[PDB]
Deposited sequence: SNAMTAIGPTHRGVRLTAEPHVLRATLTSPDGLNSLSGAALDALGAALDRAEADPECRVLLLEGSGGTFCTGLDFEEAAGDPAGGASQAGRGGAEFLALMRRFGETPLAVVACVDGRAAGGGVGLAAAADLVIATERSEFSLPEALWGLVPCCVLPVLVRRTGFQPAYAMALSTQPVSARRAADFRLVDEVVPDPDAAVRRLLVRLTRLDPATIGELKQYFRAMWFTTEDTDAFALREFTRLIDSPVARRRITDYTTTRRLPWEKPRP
């Protein structure tokens, strides 16, 4: 069990499945999402990369470096690709899984979805998640989630735009989206995303600093002590 790809009209569906149901962002999952974006980009008809979970879990992030680098690179590709990456959340989004939804162009979630940053419990900081989470929600919702470690409901997450829309069925919301999206030329989506990159204060240096700090932190005695147990 891993990333299942299904082609639908104008959509490439990338369904995260896992043997344990945690839908962790293993190197295998990150490569598979990377190759899904490759497939989606190579199709002149594909307008959306639909990112989703299964069994009440969207994604719980990296399991316990090389992972952090490919996670950061994959989130950066989401920000530049000339197609709409739509995170369809139906359940648990935790840690890196929050960053994976936050990096998408749109987050569409069901009412039962929860979003959390439990990293501080293991002596970690979600270094890799935060630049893209802060861009989406502002500094305070991201900070309050990191500090508290408590999950936030989809309706709550919609108040600070971590969720773009709470709906009964995210697949139906993606089909609604396609009506307006199929009218846009992929070159314009690419230009639109390139210009928005310059509309925020974070850079390629932010990614580098995020990875440096994440690896420093995971080697610290408190993170070491907690992760072992």
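Gaps without C-alpha coordinates occur at 1 to 11, 76 to 89, 255 to 268, with positions taken along the deposited sequence from 1.
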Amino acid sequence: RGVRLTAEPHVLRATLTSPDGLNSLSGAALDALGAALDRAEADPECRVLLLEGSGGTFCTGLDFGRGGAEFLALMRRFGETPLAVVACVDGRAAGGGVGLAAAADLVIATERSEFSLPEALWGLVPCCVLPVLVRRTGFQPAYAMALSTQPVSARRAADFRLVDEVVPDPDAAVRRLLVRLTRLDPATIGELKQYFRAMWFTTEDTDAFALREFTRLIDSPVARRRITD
From here on, numbers count along this sequence of modelled residues.
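For the pair 75 to 83 and 94 to 102, the mean Cα B-factor is higher in 75 to 83.
Of the two segments, 28 to 36 and 191 to 199, the one listed with the higher mean B-factor is 28 to 36 (C-alpha atoms only).
Annotation for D63: CA B-factor lies in the highest third of the chain's modelled residues.
When the CA B factors of the chain's modelled residues are split into thirds, the value for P126 lands in the middle one. Sort the chain's modelled residues by C-alpha temperature factor and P44 lands in the highest third, per the entry. Sort the chain's modelled residues by C-alpha temperature factor and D171 lands in the lowest third, per the entry.
When all modelled residues of the chain are sorted by CA temperature factor, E165 is found within the lowest third.
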